[PDB]
> 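Have a look at this one.
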Amino acid sequence: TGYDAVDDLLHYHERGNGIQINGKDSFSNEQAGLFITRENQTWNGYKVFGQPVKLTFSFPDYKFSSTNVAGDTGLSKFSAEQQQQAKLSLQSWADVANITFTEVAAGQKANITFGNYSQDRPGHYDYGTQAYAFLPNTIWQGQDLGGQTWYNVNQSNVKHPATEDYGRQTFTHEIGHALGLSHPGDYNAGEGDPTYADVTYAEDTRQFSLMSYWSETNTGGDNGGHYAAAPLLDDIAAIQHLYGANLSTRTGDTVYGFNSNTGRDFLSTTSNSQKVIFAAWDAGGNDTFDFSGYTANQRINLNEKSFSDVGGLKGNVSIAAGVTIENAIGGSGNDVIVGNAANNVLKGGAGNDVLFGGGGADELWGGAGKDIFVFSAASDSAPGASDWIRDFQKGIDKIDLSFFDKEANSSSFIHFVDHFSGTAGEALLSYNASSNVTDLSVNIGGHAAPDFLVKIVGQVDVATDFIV
Ligand SMILES: [Ca+2]
Ligand SMILES: [Ca+2]
Ligand SMILES: [Ca+2]
Ligand SMILES: [Ca+2]
Ligand SMILES: [Ca+2]
Ligand SMILES: [Ca+2]
Ligand SMILES: [Ca+2]
Ligand SMILES: [Zn+2]
């Protein structure tokens with residue numbers, strides 16, 4: 001049934017509350033954020049949390065023959081392409097927490113610096129390392145190393161971050177360290193051989209945090225060979241814990257995905273081939289997840305902290321804690337679209353879709369195809385805040401009320417009548433041929449009056465259009 005599909009999406013990636021996944025403990029979004037910042041170091045001071053911060057950054061002109069604090073040499077300044085991508089990574093962190101970044105001249109002392117290295121010793125090129133950075137307040141010989149980030153330019157992804165997404169992710173990851181974030185678990189490579197089996201909690205994967213090195217496939221995600229460019233779900237919790245949530249970000253009506261007005265590369269796409277991977281942070285307005293241009297079967301959940309399967313990928317889109325996204329538009333595939341307690345405009349597009357509005361007064365459009373509109377509570381469409389199904393086609397679309405009889409474990413609870421009598425479970429269809437509107441009223445609670453009312457544009461055939 002349509003309800004089965006909804007129920008499935010609602011319990012996708014449940015976490016915390018004593019759950020154990022992969023033989024590992026499951027941490028909630030909150031716990032993961034705290035664990036990722038377990039070093040307690042911030043630019044505001046040790047254990048000083050929730051305060052804004054203003055930081056400077058620059059691209060120093062390093063001398064090739066110079067040796068850095070780590071012992072690496074064959075140094076160089078960031079190229080134009082590298083600088084451009086580093087600035088995009090910085091902004092992605094500034095979008096979510098109260099952090100202000102300001103670029104200073106190559107000579108001026110800056111809090112965060114970017115530099116390339118190519119040799120582990122003079123005259124010897126290093127093809128084995130990727131990058132590293134120092135957390136704030138890292139003191140060495142009376143000097144703070146905090147804010148320094150270094151990258152192995154012999155790696156093509158580091159040299160070409162604009163075309164190699166792992167390079168862009170690396171910039172975001174190292175800057176994360178420079179801001180106070182650690183990897184989600186303790187494990188040393190090089191002089192150690194860690195694997196996902198060495199994680200502290202199940203959600204330590206690239207599906208939840210880009211501070212992680214473990215594949216998203218470990219938790220059931222699948223990014224189709226791509227890498228997230230910006231802070232993921234648990235990274236947002238981590239960074240906002242340190243510097244507070246940015247309440248000024250995208251406060252207007254924002255569109256994510258296709259036809260985006262975000263002005264962010266990782267939140268926008270112009271074709272079915274260009275895949276999105278992101279955790280959405282949005283501080284206000286009436287917002288829309290527009291995934292209309294994708295052909296794959298998608299699963300879109302508008303609940304906060306929940307995961308969606310978008311554009312042919314799995315668990316690649318999520319919504320941060322405290323964010324309310326209002327609308328969703330599916331693509332040409334057979335989609336499952338689950339709304340939240342707010343008023344939502346849900347559009348299935350072509351294909352056979354399953355739409356679930358949840359609470360609030362929702363506006364549901366099945367579009368072309370055999371669509372199913374699902375309900376599981378009187379509050380889903382309360383009289384006075386009724387849902388509207390705007391394009392119902394009798395004999396083609398369906399209204400799924402199967403939840404009620406299943407819960408009641410009775411085939412006679414929900415049953416259609418031609419007139420009410422106060423009995424619980426009575427359902428009544430009222431068709432107005434002049435206005436082309438059908439009222440579906442149900443007395444679920446067994447009150448004097450119906451406690452559930454859906455308004456439908458179009459005729460409904462009781463003999464063929466319901467799943468009970
Ligand atoms: Ca917005
Ligand atoms: Ca909103
Ligand atoms: Ca669709
Ligand atoms: Ca459809
Ligand atoms: Ca809703
Ligand atoms: Ca339809
Ligand atoms: Ca509703
Ligand atoms: Zn790292």
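Because only heavy atoms are used, hydrogens play no part in the values below, and waters and symmetry mates are left out as well, while side chains stay in. Each residue takes its place number in the sequence, starting with 1.
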> For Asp309 and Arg299, indicate whether the former's side chain and the latter's backbone hold a donor-acceptor pair under 3.5 Å.
no
> Indicate whether the side chain of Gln31 and that of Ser28 have a donor and an acceptor atom separated by less than 3.5 Å.
yes
> Should the pair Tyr201 and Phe27 be assigned to parallel (<30°), tilted (30 to 60°) or perpendicular (>60°) ring geometry?
parallel
> Does any N or O in the side chain of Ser268 come within less than 3.5 Å of the main-chain N or O of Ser260, such that one atom is a donor and the other an acceptor?
no
> Do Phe373 and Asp387 make a side-chain contact, defined as non-hydrogen atoms from C-beta onward lying under 4.5 Å apart?
no
> Is the terminal nitrogen or CZ of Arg264 (NZ for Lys, CZ for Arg) located under 6.0 angstrom from the six-membered ring centre of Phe266 and within 45° of that ring's axis?
no
> Taking the side chain from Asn344 and the backbone from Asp362, do they hold a donor-acceptor pair closer than 3.5 Å?
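Between the backbone of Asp362 and the side chain of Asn344 there is no qualifying donor-acceptor contact (under 3.5 Å).
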> Is it the case that the side chain of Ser381 and the backbone of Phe452 share a donor-acceptor pair, with hydrogens and angles ignored and the cut-off at 3.5 Å?
no
> Quick one, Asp439 with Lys455, criterion salt bridge (charged side-chain N to carboxylate O under 4.0 Å, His left out). Give me CA distance, side-chain angles, the key distance, then yes/no.
CA-CA 5 Å; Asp439 286 6; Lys455 309 234 58 166; 2.9 Å; yes
> Could you tell me how the ring of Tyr187 sits relative to the ring of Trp214: parallel (under 30°), tilted (30 to 60°) or perpendicular (over 60°)?
perpendicular
> Less than 3.5 Å apart, any donor N or O on the side chain of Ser26 or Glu203 sitting next to an acceptor on the other?
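Checked: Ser26/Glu203 side chains pair up, N/O donor to acceptor below 3.5 Å.
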> Using atom types as modelled and distance alone, determine if a side-chain donor or acceptor of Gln169 lies under 3.5 Å from a backbone N or O of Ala228.
yes
> Does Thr172 reach the main-chain N or O of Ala229 with its side chain, forming a donor-acceptor pair under 3.5 Å?
yes
> Apply side chain to side chain contact (heavy atoms under 4.5 Å, CB included) to the pair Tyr294 and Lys275, showing each step before the final yes or no.
CA-CA 9 Å; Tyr294 287 131; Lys275 309 300 179 183; 4.2 Å; yes
> Run through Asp25, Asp234, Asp204 and flag the one making a salt bridge (charged side-chain N to carboxylate O under 4.0 Å, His left out) with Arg15.
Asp234
> Assess the side chains of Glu39 and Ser182: does a donor N or O sit below 3.5 Å from an acceptor N or O?
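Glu39 vs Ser182: no donor-acceptor pair found between side chains.
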> Between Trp281 (side chain only) and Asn246 (backbone N and O only), is there a donor and an acceptor less than 3.5 Å apart?
yes
> Examine distances only and state if a side-chain atom of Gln298 and a backbone atom of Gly311 form a donor-acceptor pair shorter than 3.5 Å.
yes
> If you apply the rule side chain to side chain donor-acceptor pair (under 3.5 Å), what do you find for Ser308 with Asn301, and how did you get there?
CA-CA 6 Å; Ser308 295; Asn301 188 346; over 6 Å; no
> Using the six-membered ring wherever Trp is involved, compare the ring planes of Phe208 and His13 and label them parallel, tilted or perpendicular (cut-offs 30° and 60°).
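Taking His13 first and then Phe208, their aromatic rings stand perpendicular (interplane angle over 60°).
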> Side chains of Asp290 and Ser292: any donor to acceptor distance under 3.5 Å?
yes
> Roughly how far, to the nearest 0.5 Å, is the CD1 atom of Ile239 from the CG atom of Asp95?
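Answer for the CG-CD1 pair, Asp95 versus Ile239, is 12.5 Å.
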> Contact between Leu440 and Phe416 at the side-chain level, heavy atoms closer than 4.5 Å - yes or no?
yes
> Out of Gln130, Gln85, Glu164, which one pairs with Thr170 under the side-chain hydrogen bond (donor to acceptor under 3.5 Å, both in side chains) rule?
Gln130
> Looking only at the side chains, is there a donor atom on one of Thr254 and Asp282 sitting less than 3.5 Å from an acceptor on the other?
yes
> Would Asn340 and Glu304 count as having a side-chain donor-acceptor pair, cut-off 3.5 Å?
no
> Taking the side chain from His415 and the backbone from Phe413, do they hold a donor-acceptor pair closer than 3.5 Å?
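Such a contact is found between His415 side chain and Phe413 backbone.
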> Counting C-beta onward and ignoring hydrogens, is there a side-chain heavy-atom pair between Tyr213 and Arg206 closer than 4.5 Å?
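In contact.
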> Examine distances only and state if a side-chain atom of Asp461 and a backbone atom of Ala463 form a donor-acceptor pair shorter than 3.5 Å.
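Yes.
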> OH of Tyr431 to OG1 of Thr438: how many Å apart, nearest 0.5 Å?
6.5 Å
> Verify whether one side chain among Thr1 and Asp4 offers a donor that lies under 3.5 Å from an acceptor in the other.
yes
> Are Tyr3 and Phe403 an aromatic pair by the rule of ring centers under 6.0 Å?
yes
> Between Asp405 and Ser411, do the side chains contain a donor N or O and an acceptor N or O under 3.5 Å apart?
no
> For residues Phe404 and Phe375, establish whether the separation of their ring centroids is below 6.0 Å.
no
> Can a salt bridge be assigned to the pair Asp287 and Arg250 using a cut-off of 4.0 Å between side-chain N and carboxylate O?
no
